[PDB]
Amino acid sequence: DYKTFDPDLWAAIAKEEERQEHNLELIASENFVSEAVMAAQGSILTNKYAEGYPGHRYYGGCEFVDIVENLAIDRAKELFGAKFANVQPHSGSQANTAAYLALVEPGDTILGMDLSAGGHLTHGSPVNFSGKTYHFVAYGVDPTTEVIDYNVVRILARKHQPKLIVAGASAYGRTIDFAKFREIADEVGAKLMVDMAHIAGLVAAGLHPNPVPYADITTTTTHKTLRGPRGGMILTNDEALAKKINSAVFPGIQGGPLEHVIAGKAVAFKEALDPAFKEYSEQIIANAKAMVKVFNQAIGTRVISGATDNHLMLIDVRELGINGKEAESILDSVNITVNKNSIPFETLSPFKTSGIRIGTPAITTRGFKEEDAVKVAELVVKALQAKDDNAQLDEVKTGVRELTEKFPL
């Protein structure tokens, strides 16, 4: 009825719910938040200014908003064991912005994972505030094993004497050894910052080593594997760091927080304290390993590093005579969403790439099991092997429809 006033807006939203229903979301950073999370984001909390922190706001009327933000703060400490949590970052990028501000000065040397090797843009890219503001040295993965070579990272750290070492990745499918990063950091006198955005839910479920005890500062998104609303968060065990972090977030780089989103963080965090979330996360990894099995055995789909320990995988497609962007386009046409993705030692443009990235958190949320995940990888290989063959691509589309009807939203 309010939709009558703005028919064009609500029509697009309606077609988007239809799109999420009928497509397979394999983009590794996506998920489906719960009805309760969306309800919190749709609440009247959007009306409340609340600059400052609970009990220390810059105007009145925050007595009950402070309950919401405290729940989000306190559930983060419960989920991750940190002594201090900040839940105001508007995004993972802002969380990283403020975490740098608390650890280093502009121009300081920072060691962070190369983007082609699987790092995020905020870990040093020159088109990002991180590369522009600080002096980033990249570490990568080994060219044969495509896993992190900690002795090489150690060579780099001693050569470059960074003030800060950053661990964490957006397209790295293997366990990150946080304890080795800490030893390296200690040895050259650098601090350690971990960006666990992609794996935060696996960490919360106890299925990936927890960086919080090792890192000076841990940043994360609240979406992705955590299955929360879009937003960021900052954790630390050092009270002196927590103070810098808090000043960095506000009044440093942000103004008022999105308390309706923070309310959705609180909702999501309690969902993640439930034992059901560990079963969900167990299924994320098992579905990913099952799909990796299919690709390892298929022809043309080289899994980077040959296995996965977490929710995602990188597929090198150069042996199908295509690039990532063509692979992304083929699969999009049969109603399968992935993203083109640079692979270690990428030779092509970052906008063509030599591979695609695939993650299980979204389909696992829809209820897919290993059987169904195996099926998707088979559909993916069939589509990419079918050199522009409409008969075969329609088959794949049929298989995608079967799956989406089997697991509606």
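The term rigid core refers to the most C-alpha atoms you can superpose between the two forms while keeping them within 1.5 Å. We number the residues from 1 along the sequence you see.
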Farther-lying stretch by C-alpha RMS in 5 other deposited structures of this protein, rigid core as reference, of 349 to 357 and 38 to 46: 349 to 357
Average Cα temperature factor in the PDB entry - higher stretch of 334 to 342, 226 to 234: 334 to 342
With B-factors read from the PDB entry, the higher C-alpha mean of 121 to 129 and 299 to 307 is in 299 to 307
From the list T218, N151, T97, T221, select the residue with the highest C-alpha B factor recorded in the entry. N151
Select lowest, middle or highest to describe the third in which the CA B-factor of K83 falls within its chain in this entry. lowest
Relative to the other modelled residues of the same chain, rank the CA B-factor of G206 and answer lowest, middle or highest third. middle
Tertile call for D195 (CA temperature factor, within chain, third-based) is the lowest
Among the modelled residues of this chain, does the Cα B factor of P361 put it in the lowest, middle or highest third? middle
Ranked C-alpha temperature factor of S170 among modelled chain residues, by third: middle
